[PDB]
Structures are given as C-alpha cells and as structure tokens.
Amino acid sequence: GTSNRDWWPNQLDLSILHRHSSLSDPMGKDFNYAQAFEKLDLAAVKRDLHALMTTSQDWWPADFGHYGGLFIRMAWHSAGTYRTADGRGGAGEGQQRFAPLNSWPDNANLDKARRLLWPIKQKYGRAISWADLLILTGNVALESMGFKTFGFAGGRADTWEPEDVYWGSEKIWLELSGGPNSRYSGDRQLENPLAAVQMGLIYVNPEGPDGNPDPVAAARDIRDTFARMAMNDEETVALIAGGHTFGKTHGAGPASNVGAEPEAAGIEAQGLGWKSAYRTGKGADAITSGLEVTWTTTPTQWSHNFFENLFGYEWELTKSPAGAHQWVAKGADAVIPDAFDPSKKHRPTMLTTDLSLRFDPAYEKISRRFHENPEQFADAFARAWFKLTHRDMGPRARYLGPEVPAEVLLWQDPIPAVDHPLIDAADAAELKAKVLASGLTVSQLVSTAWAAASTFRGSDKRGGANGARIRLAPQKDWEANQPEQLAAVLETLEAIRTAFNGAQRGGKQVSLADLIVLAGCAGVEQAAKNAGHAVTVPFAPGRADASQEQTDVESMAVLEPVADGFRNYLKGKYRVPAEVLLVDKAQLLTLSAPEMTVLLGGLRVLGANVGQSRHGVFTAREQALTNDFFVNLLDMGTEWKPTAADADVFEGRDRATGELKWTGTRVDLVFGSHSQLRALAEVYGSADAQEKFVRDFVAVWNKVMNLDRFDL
C-alpha cells in the first residue's frame, strides 16, 4: 500500500513523538520495573548465568565449551551503539532485540546469544528486563573467566518498539564511504550525529578503513568513533584489548553461505537469522564477521596474553577462509587452542584494528604501559567496561541493586547528596514573592529556568536543572543561554538565596538549582496573573548544586543546544530544516506533539526567544500567558511570504492593506502549515481554549522542570 511517506517523503514525521504509548506496552499502567527489580534475587540470577556459560546447546555449540566471549561481544554491542552527539543508542533500552539493531551485520549471531538467555529471562520474568540481563550476562561472563568487574546497576526498563534513530542515509548494508549517501565529507569527517564508519557497524571496519588493511589509518577511525561514544585513548585501548582477551571471531567459510538477517528471514526461523549452508552452519563451521582470529592461548580465562602476543610477534597480512584481511604471527608455533578439536592448535592472529593498538604512536604508549603493568590494564578495563555499559543510565539515583559502585565518577555528572531540611510550601511562596519583588521580569525568569531545565535528553538521561550547572563552565557561556543576561539573573537570584538561607533555622536551606526552577515558576504565575488568571505552578524542591570540579566541561559540550526551536534559536545553517530540528528537540525532551505545541506557543508570548527576537511573538501583550500565538497564527486575515533577505524568515501582512503585522521562522509557521500540527494549534487557538491553554502550559512546564528528578 502507498503511504503518506511515499507521497510526501520530506513532510515532518510526528510519529516519533507518540512512541512508547500505554497501547503498545504489555505491562499494566501501574507496572514499576524498579519495584520488581528490587525484589529480584540477583545472586540466584548470577548463579544461573554462571551455569549457562558452560552449558552448550547443539543448535549453537559453545566455542571452547564456554559462551563467555559470545556474551561479552553481545553486551559490548548492546552498549556500543551509543553516540554522545544525541545520547541515542546504548544498552539502556534493550534495543538490540528490535529492528534494526537485531539485524545489523555487526550483530550477526547475537540472535543466538539472546536465545540462549530466554530460559533465564522466562524463569525471572518481569523482575529482570532484557536490557539489564544483556549487561548482567556480560558481567557474569567476565567474572566466570577470572575478571573482577567494577560493579553493576539494574534499572534499565524494557521497551516494546524500536527507537527512532538516524543511523545514516545509506540504502545498502556496510556501503563503503564516498557513495551517493556518504556519511563522510572533507578530510574523512564523519557526519554528526553518527559514531560508526559504515551502516550496520558498531564502530569501525575490523579489516581497516573501507576494507584497506592499514592499522595506522584504522587507528584514526577507532579514535574518532570511540570519542563519539565518550571514550578517550586509555579507555579505548583498555576496552579493545580487554574484549579481545576473550573468545574468537567466526569466518570458517565464504560469506555467500550466510542467509537472511533475522528481520528478512522466514517465519520458521522464529526470530533467528544468518542461517549458514557452510558444513554444519555452526560451532567449528560458524561464520559471523568472515574473519577467523583467536587472540590468546586461553580464550576462556582473563590473562595479559593479548599484549604479550601483540608485542611479542611481527605480523603478516593474510586472508580468512572467507577472503577477509587479517594478520598472523610470523615464525610462530601453533600455541592457540582450537575451539572444538583438542588435538589442533593455531598460530596467533590479529585484526588490522588490533594492530592499531601497537602502530598508532599514542595507542602504543598506553598498550606498552598496559603490557608492562597488567594490573593497570585490568583496572582501566573494569572502569571502562562499567562506563560503557552504564553511560546512558542517567543520574546515579536510577541505579538499583546490591552491586552499584560507591565511587562517584566524573562522567556521571554527579549531584551532591542533600544533607538538610527542604523548603516547604510556605517557603516556596515567600521565595516566589521575593523573586517577583526583585524586578526580574517574566522574560528573564522563564528564559533562565528554560535554559537550565531544557538541557535534559531522555536518550541518555543527561542534562536538566539538577546541579545548577547553568552557573558553571561551559553552560554559563553557551550562546543560546545569553551569557551576559544569564549572569545578571543568577547574581540577583544568588543574593535572594543568600538572604533566605542566612535567615533560616535548623539548617533549612535552598539550593540555587531549586531557586532557578522556583524563580521560573514565579515567572509563569506572574504571566498568568498578567493575563488575568491566578494559577499555582507546581514545584518540587530537592535539587542540589554541583561544583565546577564535579563537572567535566568537555563531556558537557554535547549538551549545548545549537538548535532550540522553543527559543527560536539556530546557532548556524544546517542540512536539516529547522522544523525537523524542533521535533528532534521535542523527542529528546520526551514531549508529545500536543505538549510541544502548547509549550512553544506559550514560550513565544513569555519572551523566551534568544536575543528578544520578535520572530513568532504573535501578541500585543508580551509576558502575559495567553493563547495569542495560536489565534494570531491561524488568522486568515494575515498572508505570509518569505523575505528577500532570508527564505527562512517570513513576513505576515494584512491580506487587505499589506501592513506588516508579524515576522516568523519556519519553526513558527510549521504550526500553521503541517496538517497534524495545525489541527493541534486550532484546539489552542479556539475561543473556548484560554483555561485549557494555561492548564496544559503549566503541566508541560512542570514536566520539563522535573525531567531529571529521578530522586522523586
């Protein structure tokens, strides 16, 4: 059947805002995963996973009698989709079991790994999510093979449909760069927000860049893609050498033997894929990547034999049985055990990307230190493996269970504990009145609280107003945050805070993080009062103030809004139309299309625009909370045309007189153009809508203020 997407392939897609509906979720509306997990017998789950490691199934025999390597790869792939640019991908939603990730070429035969785990998932049911189980299984694999992990947190709730992620524009799996849809431009610049070199790869091509077996060139792609997954050089070397301490690759025969990926396979395959016609199709005959490399002399035991081999041999370019480029140790004895035949041994082998760790000069120094000091290697790998597998879990408050590491890590964007009584309802009312009596305007108060709260993204649960990081580098100097106006607001609020905290007893005090949000609440209540409407905006205290020393300024760079339609802000010109960037922002903020619509219409008339731009400010009572944006936008008395100067800025003129009434961007006018958004704008721009508009605006304002409040 022909669909709207066929007819109008460039129209905005709002369906990404309406995922994860109660409709698609088999659990009751009252289901609380954290409550279920907190009663899990995690020790009993880990004993079952431990037994599983050495219980081979004939439909997918265990290499060396041990599934550990397979399950470490499974858990690394689960986590390895993560991109810092948007926070999308990662292990935190168990998306490996859905399209497209269940059928990526780099996830070949991880369908078998997930199927091995169904008996344990079935036993423990809703008390352990697939998302937690994939990571736990990787931890138990490591533990069973003598590696001490840094710890584990539960709390990744299962999802029930694919995430809407931009994985790239290529129409061919693993397409080499330089195609019609190339993800590369300039001097090998990978397009944001991608963090993989080819469609369907986790990071890089194990042969080398676009198949060129050059370890030095490969090292470039490794460093670039790992940095885009939040890993520096030490972490990257620790992870790759740590992983490739275990197990083997699978390339026993030509790739033409391997059939359809799971999403393409026949219904009889019952959710599995990559059925191989090569000899037995599994075990000693397995084909996965097409490479055939076994790194260490003890693939089922933690060792420092990866670096011993990397540095102890010279390497020769060779071909797998599948015709893939790989390396073998020159002059070596057969010292590596065979996966199935206890009478066969093999020479040491390496991937191009393994040799990167020796032939890139910066990796070489780290790899030599790890070689000489394997206790340093073990500790870096444990820390990196925790970071990898938890990077998208959000604040430490979300971490469940008895194995949570007590060490607070800089990458967690940590929030200090609150040690003192919180302000009560009367205190909140006193502070709101003091804020409004200071002379801070509605526009200043709403703009500041919006700037602080709207860094949250639900993709990796980073950002939000908790921490008061808006006062620190680098948030205080982001262009979108209007640094000089922000500095003046924060100075006034800090004087209000000092006076209130000075006057208290019993150690009661208010954080600046709370006061910035409460001040924004006062701005919204004042705007409602300006409109002739008395409303109370909800407020929940208990935010704390993080220090500069507790803030990684480099990691905070990815949270900078370079597009924020809710402030009519675009840092520069992009490929992507501004309205597409608005819907992307609404998705990160976890907003529905109705929530996005009411929030944007209200922010316009409150003065939230960066630079006090008039664009979309369709009111003659700025700083009053009215539905004026919608009533004026939908007024057929006004005709719109793109400006001569700028095709992305529109003039609204009286249709009769030609008088200039308004100007607006694409972000403003899309609400009068897109057939689904216009239907929403009509509800809010109706004569009966003033009370509904205020209520809905207050609701979505409060939602945004609370996005990072996992402490509640």
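Note that residue numbering follows the sequence shown and begins at 1.
Undergrad: Should the higher mean CA B-factor in the entry be assigned to 48-56 or to 678-686?
TA: Result of the comparison: 48-56.
Undergrad: If you average the CA temperature factors over each stretch, which comes out higher, 159-167 or 627-635?
TA: In the deposited entry, the stretch with the higher C-alpha B-factor mean is 159-167.
Undergrad: Which one, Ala241, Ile172, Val204, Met596, has the peak C-alpha temperature factor per the PDB entry?
TA: Each of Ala241, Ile172, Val204, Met596 was compared by C-alpha B-factor; the highest is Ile172.
Undergrad: Just to confirm, going by the entry's C-alpha B-factors, which of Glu235, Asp545, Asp564, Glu308 comes out highest?
TA: Result of the comparison over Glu235, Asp545, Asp564, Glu308: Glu308.
Undergrad: Taking the entry's C-alpha B-factors for this chain, is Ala699 in the lowest, middle or highest third?
TA: Answer is lowest: the recorded C-alpha B-factor places it there.
Undergrad: Compared with the other modelled residues in the chain, in which third is the CA B-factor of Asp427?
TA: Its C-alpha B-factor belongs to the middle third of this chain's values.
Undergrad: Which third of the chain does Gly28 land in by C-alpha B-factor: lowest, middle or highest?
TA: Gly28: CA B-factor falls in the highest third of its chain.
Undergrad: So where's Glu651 on the chain's Cα temperature factor ranking, which third?
TA: Middle third, going by the recorded CA B-factors of the chain.
Undergrad: Is the Cα B-factor recorded for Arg223 in the lowest, middle or highest third of its chain?
TA: Middle third by C-alpha B-factor.
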